[PDB]
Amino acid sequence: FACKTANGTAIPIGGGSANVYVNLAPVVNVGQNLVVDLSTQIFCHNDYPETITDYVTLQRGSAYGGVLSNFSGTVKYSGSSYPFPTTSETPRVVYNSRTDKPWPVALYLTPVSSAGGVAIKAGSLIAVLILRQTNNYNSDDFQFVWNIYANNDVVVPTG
């Protein structure tokens, strides 16, 4: 089991870390969601699906910078939504193919009532998402740590 990103980096068997750079909607209003879709950013596969089934959770999701300061919301993982920053580990998604499969994670971030102006700065760390991989074969339990950076400023209008 290993993963790759839309910015051309990787995390091998056994886990590790990578950086992910996301384009964000430049304007988000109070009462609306900024969507951060990681399913177009992070992809993984099973290295021996003939025998082994891989299990993958979102173990932890943490907010940073302008997201921590200026937003609240949820994370959608494989069709169900949970609070973000996270408060527990999600259920598992199965990986059972050598073909790349997206990691089905998206953040839905809504501005806090006091937010206004540049609420997320270009280049800044916005989140750290930990993917936990186990399997039905051995005792492997590996963390794939995804450091999520904004490529651009996000503004919350004062109207």
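The term rigid core refers to the maximal set of C-alpha atoms that superpose within 1.5 Å between the two forms. When you see a residue number, it is the position in the sequence shown, counting from 1.
Put simply, when the other structures in 9 other deposited structures of this protein are lined up on the rigid core, the C-alpha atoms of 26-34 lie farther off than those of the other stretch, from 26-34 and 43-51. The rigid core fit leaves 7-15 as the farther-lying stretch in 9 other deposited structures of this protein, judged by Cα positions and set against 142-150 and 7-15. For the pair 46-54 and 120-128, the mean B factor over Cα atoms is greater in 46-54. Between the stretches 110-118 and 34-42, it is 110-118 that shows the larger average CA temperature factor. Between the residues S97, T134, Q59, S62, it is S97 that shows the highest Cα B-factor in the PDB record. In this PDB entry, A10 carries a Cα temperature factor that places it within the middle third of its chain's modelled residues. For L68, the recorded CA temperature factor ranks within the highest third of the chain's modelled residues.
Annotation for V105: C-alpha temperature factor in the lowest third relative to the rest of the modelled chain, per the entry. In this PDB entry, the Cα temperature factor of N147 sits in the bottom third of its chain's modelled residues, the lowest group.
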